[PDB]
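Structure below is input22.cif: mmCIF, C-alpha atoms (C1' of nucleotides).
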data_run
loop_
_atom_site.group_PDB
_atom_site.id
_atom_site.type_symbol
_atom_site.label_atom_id
_atom_site.label_comp_id
_atom_site.auth_asym_id
_atom_site.auth_seq_id
_atom_site.Cartn_x
_atom_site.Cartn_y
_atom_site.Cartn_z
ATOM 1 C CA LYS A 13 -0.033 88.144 -108.709
ATOM 2 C CA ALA A 14 2.862 88.660 -111.156
ATOM 3 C CA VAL A 15 6.411 87.808 -109.974
ATOM 4 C CA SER A 16 9.525 89.423 -111.536
ATOM 5 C CA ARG A 17 12.279 87.500 -113.330
ATOM 6 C CA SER A 18 14.930 89.500 -111.439
ATOM 7 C CA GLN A 19 13.731 87.754 -108.211
ATOM 8 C CA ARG A 20 13.977 84.250 -109.725
ATOM 9 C CA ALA A 21 17.613 84.886 -110.718
ATOM 10 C CA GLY A 22 18.293 86.661 -107.394
ATOM 11 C CA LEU A 23 19.447 89.922 -109.068
ATOM 12 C CA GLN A 24 18.881 93.636 -108.454
ATOM 13 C CA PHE A 25 19.240 94.591 -112.139
ATOM 14 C CA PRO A 26 16.369 94.464 -114.670
ATOM 15 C CA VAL A 27 16.407 91.020 -116.312
ATOM 16 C CA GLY A 28 13.465 91.885 -118.584
ATOM 17 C CA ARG A 29 14.623 95.335 -119.749
ATOM 18 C CA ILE A 30 17.663 93.413 -120.868
ATOM 19 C CA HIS A 31 16.266 90.750 -123.178
ATOM 20 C CA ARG A 32 14.228 93.554 -124.785
ATOM 21 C CA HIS A 33 17.560 95.385 -125.336
ATOM 22 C CA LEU A 34 19.296 92.305 -126.711
ATOM 23 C CA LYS A 35 16.303 91.598 -128.986
ATOM 24 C CA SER A 36 17.241 94.892 -130.744
ATOM 25 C CA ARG A 37 20.881 93.798 -131.469
ATOM 26 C CA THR A 38 20.213 90.400 -133.006
ATOM 27 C CA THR A 39 20.791 89.906 -136.806
ATOM 28 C CA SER A 40 17.210 88.772 -137.775
ATOM 29 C CA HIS A 41 16.736 86.088 -135.036
ATOM 30 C CA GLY A 42 15.778 85.421 -131.383
ATOM 31 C CA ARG A 43 17.395 85.295 -127.863
ATOM 32 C CA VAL A 44 17.055 82.587 -125.229
ATOM 33 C CA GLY A 45 15.492 83.567 -121.905
ATOM 34 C CA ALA A 46 18.466 81.997 -120.011
ATOM 35 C CA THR A 47 20.694 84.618 -121.666
ATOM 36 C CA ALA A 48 19.263 87.557 -119.730
ATOM 37 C CA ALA A 49 20.056 85.759 -116.444
ATOM 38 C CA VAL A 50 23.923 85.496 -117.147
ATOM 39 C CA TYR A 51 23.960 88.659 -119.278
ATOM 40 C CA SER A 52 22.822 90.310 -116.085
ATOM 41 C CA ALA A 53 24.978 89.180 -113.160
ATOM 42 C CA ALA A 54 27.843 89.799 -115.605
ATOM 43 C CA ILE A 55 26.961 93.517 -115.635
ATOM 44 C CA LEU A 56 26.003 93.548 -112.031
ATOM 45 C CA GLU A 57 29.246 92.046 -110.611
ATOM 46 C CA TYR A 58 31.116 94.809 -112.413
ATOM 47 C CA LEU A 59 29.155 97.026 -110.108
ATOM 48 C CA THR A 60 30.394 95.717 -106.742
ATOM 49 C CA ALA A 61 33.815 95.866 -108.297
ATOM 50 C CA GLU A 62 33.624 99.456 -109.702
ATOM 51 C "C1'" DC B 1 67.484 130.589 -87.324
ATOM 52 C "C1'" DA B 2 63.464 133.164 -90.513
ATOM 53 C "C1'" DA B 3 60.351 133.070 -93.599
ATOM 54 C "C1'" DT B 4 56.812 131.425 -96.975
ATOM 55 C "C1'" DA B 5 54.039 127.851 -97.277
ATOM 56 C "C1'" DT B 6 50.895 123.696 -96.382
ATOM 57 C "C1'" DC B 7 47.988 121.711 -93.080
ATOM 58 C "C1'" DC B 8 44.076 121.751 -89.988
ATOM 59 C "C1'" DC B 9 39.894 122.980 -87.458
ATOM 60 C "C1'" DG B 10 35.394 125.313 -86.632
ATOM 61 C "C1'" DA B 11 31.258 128.792 -88.503
ATOM 62 C "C1'" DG B 12 28.441 129.653 -91.506
ATOM 63 C "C1'" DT B 13 26.540 128.304 -95.995
ATOM 64 C "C1'" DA B 14 22.413 126.827 -100.718
ATOM 65 C "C1'" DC B 15 20.885 123.398 -102.580
ATOM 66 C "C1'" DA B 16 21.112 118.202 -103.760
ATOM 67 C "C1'" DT B 17 19.636 114.465 -102.605
ATOM 68 C "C1'" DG B 18 17.041 111.369 -101.190
ATOM 69 C "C1'" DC B 19 12.397 110.737 -100.604
ATOM 70 C "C1'" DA B 20 7.112 110.476 -101.300
ATOM 71 C "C1'" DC B 21 3.644 110.786 -104.852
ATOM 72 C "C1'" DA B 22 0.582 110.072 -109.156
ATOM 73 C "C1'" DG B 23 0.116 107.309 -112.948
ATOM 74 C "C1'" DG B 24 1.303 105.106 -117.305
ATOM 75 C "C1'" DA B 25 3.382 101.789 -120.451
ATOM 76 C "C1'" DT B 26 5.227 97.467 -120.371
ATOM 77 C "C1'" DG B 27 6.573 93.222 -118.239
ATOM 78 C "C1'" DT B 28 4.062 89.555 -117.115
ATOM 79 C "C1'" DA B 29 1.142 85.414 -118.023
ATOM 80 C "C1'" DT B 30 -1.059 81.704 -120.839
ATOM 81 C "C1'" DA B 31 -1.669 79.360 -124.927
ATOM 82 C "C1'" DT B 32 0.161 78.244 -129.311
ATOM 83 C "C1'" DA B 33 4.119 77.279 -132.512
ATOM 84 C "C1'" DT B 34 7.314 75.494 -135.728
ATOM 85 C "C1'" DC B 35 11.309 74.881 -136.276
ATOM 86 C "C1'" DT B 36 16.253 75.560 -134.806
ATOM 87 C "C1'" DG B 37 19.339 72.722 -134.275
ATOM 88 C "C1'" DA B 38 20.313 68.870 -130.922
ATOM 89 C "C1'" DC B 39 21.454 64.710 -131.543
ATOM 90 C "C1'" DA B 40 22.265 61.131 -133.439
ATOM 91 C "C1'" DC B 41 24.468 58.691 -137.244
ATOM 92 C "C1'" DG B 42 28.273 57.459 -140.298
ATOM 93 C "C1'" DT B 43 32.499 59.554 -144.103
ATOM 94 C "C1'" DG B 44 36.784 60.145 -145.188
ATOM 95 C "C1'" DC B 45 41.070 63.330 -144.183
ATOM 96 C "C1'" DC B 46 44.619 65.126 -142.076
ATOM 97 C "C1'" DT B 47 46.642 65.538 -138.147
ATOM 98 C "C1'" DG B 48 49.742 62.961 -136.674
ATOM 99 C "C1'" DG B 49 53.085 59.782 -136.367
ATOM 100 C "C1'" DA B 50 57.720 57.709 -137.511
ATOM 101 C "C1'" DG B 51 62.707 57.121 -140.625
ATOM 102 C "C1'" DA B 52 66.769 58.276 -143.203
ATOM 103 C "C1'" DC B 53 69.575 61.635 -144.716
ATOM 104 C "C1'" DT B 54 72.027 65.574 -145.972
ATOM 105 C "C1'" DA B 55 73.572 70.470 -145.479
ATOM 106 C "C1'" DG B 56 72.476 74.666 -143.183
ATOM 107 C "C1'" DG B 57 72.666 76.554 -139.416
ATOM 108 C "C1'" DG B 58 73.930 77.052 -134.907
ATOM 109 C "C1'" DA B 59 77.164 77.257 -131.386
ATOM 110 C "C1'" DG B 60 81.430 77.956 -130.172
ATOM 111 C "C1'" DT B 61 85.723 80.575 -129.979
ATOM 112 C "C1'" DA B 62 89.352 84.436 -130.755
ATOM 113 C "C1'" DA B 63 90.825 88.823 -131.395
ATOM 114 C "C1'" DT B 64 89.771 93.548 -130.776
ATOM 115 C "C1'" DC B 65 88.421 98.698 -130.778
ATOM 116 C "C1'" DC B 66 84.086 100.620 -131.675
ATOM 117 C "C1'" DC B 67 81.035 102.475 -129.373
ATOM 118 C "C1'" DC B 68 79.632 103.292 -125.324
ATOM 119 C "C1'" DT B 69 80.606 105.479 -121.313
ATOM 120 C "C1'" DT B 70 82.456 109.172 -118.219
ATOM 121 C "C1'" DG B 71 84.370 113.451 -116.824
ATOM 122 C "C1'" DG B 72 84.909 117.667 -117.348
ATOM 123 C "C1'" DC B 73 83.831 120.920 -120.453
ATOM 124 C "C1'" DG B 74 81.939 126.218 -121.571
ATOM 125 C "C1'" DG B 75 77.608 128.725 -122.714
ATOM 126 C "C1'" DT B 76 73.078 130.215 -122.281
ATOM 127 C "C1'" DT B 77 68.592 130.180 -120.969
ATOM 128 C "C1'" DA B 78 63.566 128.475 -118.142
ATOM 129 C "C1'" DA B 79 62.659 129.773 -113.716
ATOM 130 C "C1'" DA B 80 61.702 133.408 -110.120
ATOM 131 C "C1'" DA B 81 59.486 137.190 -109.013
ATOM 132 C "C1'" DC B 82 57.753 141.197 -109.852
ATOM 133 C "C1'" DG B 83 55.314 144.669 -111.984
ATOM 134 C "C1'" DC B 84 51.255 145.523 -115.010
ATOM 135 C "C1'" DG B 85 46.693 144.992 -119.108
ATOM 136 C "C1'" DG B 86 43.046 143.671 -120.548
ATOM 137 C "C1'" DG B 87 39.986 140.111 -120.586
ATOM 138 C "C1'" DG B 88 37.262 136.247 -118.822
ATOM 139 C "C1'" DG B 89 33.312 136.714 -115.903
ATOM 140 C "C1'" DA B 90 28.125 137.622 -114.299
ATOM 141 C "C1'" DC B 91 23.059 139.427 -116.282
ATOM 142 C "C1'" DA B 92 18.720 141.185 -119.496
ATOM 143 C "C1'" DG B 93 16.016 139.112 -123.911
ATOM 144 C "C1'" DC B 94 14.545 136.713 -129.605
ATOM 145 C "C1'" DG B 95 13.262 133.608 -132.097
ATOM 146 C "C1'" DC B 96 14.845 130.173 -134.370
ATOM 147 C "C1'" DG B 97 15.050 124.787 -134.294
ATOM 148 C "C1'" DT B 98 13.837 120.944 -132.392
ATOM 149 C "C1'" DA B 99 10.671 118.397 -131.306
ATOM 150 C "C1'" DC B 100 6.350 116.124 -132.185
ATOM 151 C "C1'" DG B 101 2.102 115.154 -134.213
ATOM 152 C "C1'" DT B 102 -0.566 114.209 -138.786
ATOM 153 C "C1'" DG B 103 -1.173 112.162 -142.428
ATOM 154 C "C1'" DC B 104 1.720 111.857 -145.340
ATOM 155 C "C1'" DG B 105 2.018 106.926 -149.763
ATOM 156 C "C1'" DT B 106 7.402 104.420 -151.241
ATOM 157 C "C1'" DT B 107 9.100 100.534 -150.907
ATOM 158 C "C1'" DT B 108 10.274 95.778 -149.069
ATOM 159 C "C1'" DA B 109 9.384 91.242 -147.973
ATOM 160 C "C1'" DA B 110 7.292 87.181 -149.479
ATOM 161 C "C1'" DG B 111 6.026 83.813 -152.194
ATOM 162 C "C1'" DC B 112 5.583 82.901 -156.942
ATOM 163 C "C1'" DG B 113 8.379 80.046 -161.463
ATOM 164 C "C1'" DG B 114 11.902 80.164 -164.444
ATOM 165 C "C1'" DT B 115 17.137 79.793 -165.830
ATOM 166 C "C1'" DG B 116 21.797 81.115 -166.425
ATOM 167 C "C1'" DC B 117 25.768 82.512 -163.515
ATOM 168 C "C1'" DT B 118 29.402 80.650 -160.885
ATOM 169 C "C1'" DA B 119 32.224 77.805 -159.041
ATOM 170 C "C1'" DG B 120 34.319 73.289 -158.782
ATOM 171 C "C1'" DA B 121 35.770 70.334 -161.865
ATOM 172 C "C1'" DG B 122 40.807 69.059 -165.600
ATOM 173 C "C1'" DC B 123 46.006 67.115 -166.211
ATOM 174 C "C1'" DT B 124 43.274 71.085 -168.675
ATOM 175 C "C1'" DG B 125 48.091 72.729 -171.152
ATOM 176 C "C1'" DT B 126 51.750 74.982 -171.055
ATOM 177 C "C1'" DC B 127 55.560 78.567 -169.908
ATOM 178 C "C1'" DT B 128 56.056 82.965 -166.422
ATOM 179 C "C1'" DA B 129 58.899 82.808 -163.332
ATOM 180 C "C1'" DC B 130 62.650 80.270 -161.196
ATOM 181 C "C1'" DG B 131 66.852 79.000 -160.546
ATOM 182 C "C1'" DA B 132 71.718 78.578 -162.963
ATOM 183 C "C1'" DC B 133 74.979 80.157 -164.914
ATOM 184 C "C1'" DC B 134 77.715 83.550 -167.525
ATOM 185 C "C1'" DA B 135 79.615 88.082 -168.399
ATOM 186 C "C1'" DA B 136 80.737 93.738 -167.396
ATOM 187 C "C1'" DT B 137 81.659 97.215 -164.780
ATOM 188 C "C1'" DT B 138 83.424 100.092 -161.494
ATOM 189 C "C1'" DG B 139 86.630 100.979 -157.855
ATOM 190 C "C1'" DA B 140 90.586 100.431 -155.017
ATOM 191 C "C1'" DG B 141 95.132 99.446 -153.980
ATOM 192 C "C1'" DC B 142 100.168 98.401 -155.488
ATOM 193 C "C1'" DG B 143 103.742 98.748 -158.675
ATOM 194 C "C1'" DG B 144 106.330 101.644 -161.301
ATOM 195 C "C1'" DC B 145 108.217 105.513 -164.135
ATOM 196 C "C1'" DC B 146 109.279 110.700 -163.512
ATOM 197 C "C1'" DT B 147 110.590 117.601 -160.429
ATOM 198 C "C1'" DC B 148 111.716 119.642 -156.938
ATOM 199 C "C1'" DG B 149 113.366 121.432 -151.483
ATOM 200 C "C1'" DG B 150 116.019 121.081 -147.928
ATOM 201 C "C1'" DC B 151 120.988 119.637 -146.759
ATOM 202 C "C1'" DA B 152 126.793 118.730 -147.683
#

Rewritten as structure tokens:
Amino acid sequence: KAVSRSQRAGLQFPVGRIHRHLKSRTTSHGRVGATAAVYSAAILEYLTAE
DNA sequence: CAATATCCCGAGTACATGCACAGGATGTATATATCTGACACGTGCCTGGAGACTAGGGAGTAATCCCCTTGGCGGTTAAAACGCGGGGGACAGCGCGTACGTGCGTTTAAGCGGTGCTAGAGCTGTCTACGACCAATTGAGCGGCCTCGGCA
């Protein structure tokens, strides 16, 4: 049974659709997995203010 | 006080939305990977501190009238409201582009070795530009000479 990384952060937003998005805006180099979990929850958190 | 207007409440009104569904593409999951760069280690520099002194500036004041500020000004239209015109609004279809799929083959990235371009070197080695001073010019205001208009 697969989990989802959204549940391990505790977030409603898609932590793995981000990551794949960031990996397309990246010079020629990679992106840490712990970036998607404070990339998200600093896009959610504008929702629930907007 | 009268009148035009905004506010408010209930009937009646399409479809919008939230949902359930099939299913597909991608997020996950595991194993592997090197290498980014974390971390650790000194190197050596400037950021900072700390003093003595002049001279530039800053702060202060004084005098004052410029400029702002105000009132009162006189003059003409945006607004008000109406009449009044045409124009923005709601349906029928064509086919052309856009998309999308196919197979189109151009070029880049990579790893190769060779080598010359550039960017840190100098006291380079000066000498443009940087003060320093002099000289010219114009303009403005103040005396001074000289015709004429209003008054004895």

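The part of chain B that reaches within 12 Å of chain A is made up of residues 26, 27, 28, 29 and 36 of chain B, counting all atoms listed in the file.
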
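Atom pair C1' of residue 107 (chain B) / CA of residue 36 (chain A): separated by 22.5 Å.
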
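Interatomic distance, CA of residue 26 (chain A) against CA of residue 61 (chain A): 18.6 Å.
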
At a cut-off of 10 Å from (25.2, 96.3, -104.7) in the coordinates of the file, what residues are picked up using only C-alpha atoms (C1' of nucleotides), written as a PDB file with C-alpha atoms, in the frame of the given file?
ATOM      1  CA  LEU A  23      19.447  89.922-109.068  1.00  0.00           C
ATOM      2  CA  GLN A  24      18.881  93.636-108.454  1.00  0.00           C
ATOM      3  CA  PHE A  25      19.240  94.591-112.139  1.00  0.00           C
ATOM      4  CA  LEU A  56      26.003  93.548-112.031  1.00  0.00           C
ATOM      5  CA  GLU A  57      29.246  92.046-110.611  1.00  0.00           C
ATOM      6  CA  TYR A  58      31.116  94.809-112.413  1.00  0.00           C
ATOM      7  CA  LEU A  59      29.155  97.026-110.108  1.00  0.00           C
ATOM      8  CA  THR A  60      30.394  95.717-106.742  1.00  0.00           C
ATOM      9  CA  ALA A  61      33.815  95.866-108.297  1.00  0.00           C
TER      10      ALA A  61
END

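Distance-wise, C1' of residue 111 (chain B) and CA of residue 42 (chain A) end up 23.0 Å apart.
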
Exercise for the section: Carefully work through the PyMOL selection byres ((chain A and resi 44) around 12) for this structure and note down the residues it includes, as an NGL selection string. Expected result: (:A and (28 or 30-32 or 34-35 or 38 or 41-43 or 45-51)) or (:B and (36))

Centre, edges in Å (one decimal): axis-aligned box, region 61-77 of chain B, 4 Å padding on all six sides, as AutoDock Vina command-line options:
--center_x 79.7 --center_y 105.4 --center_z -124.2 --size_x 30.2 --size_y 57.6 --size_z 22.9
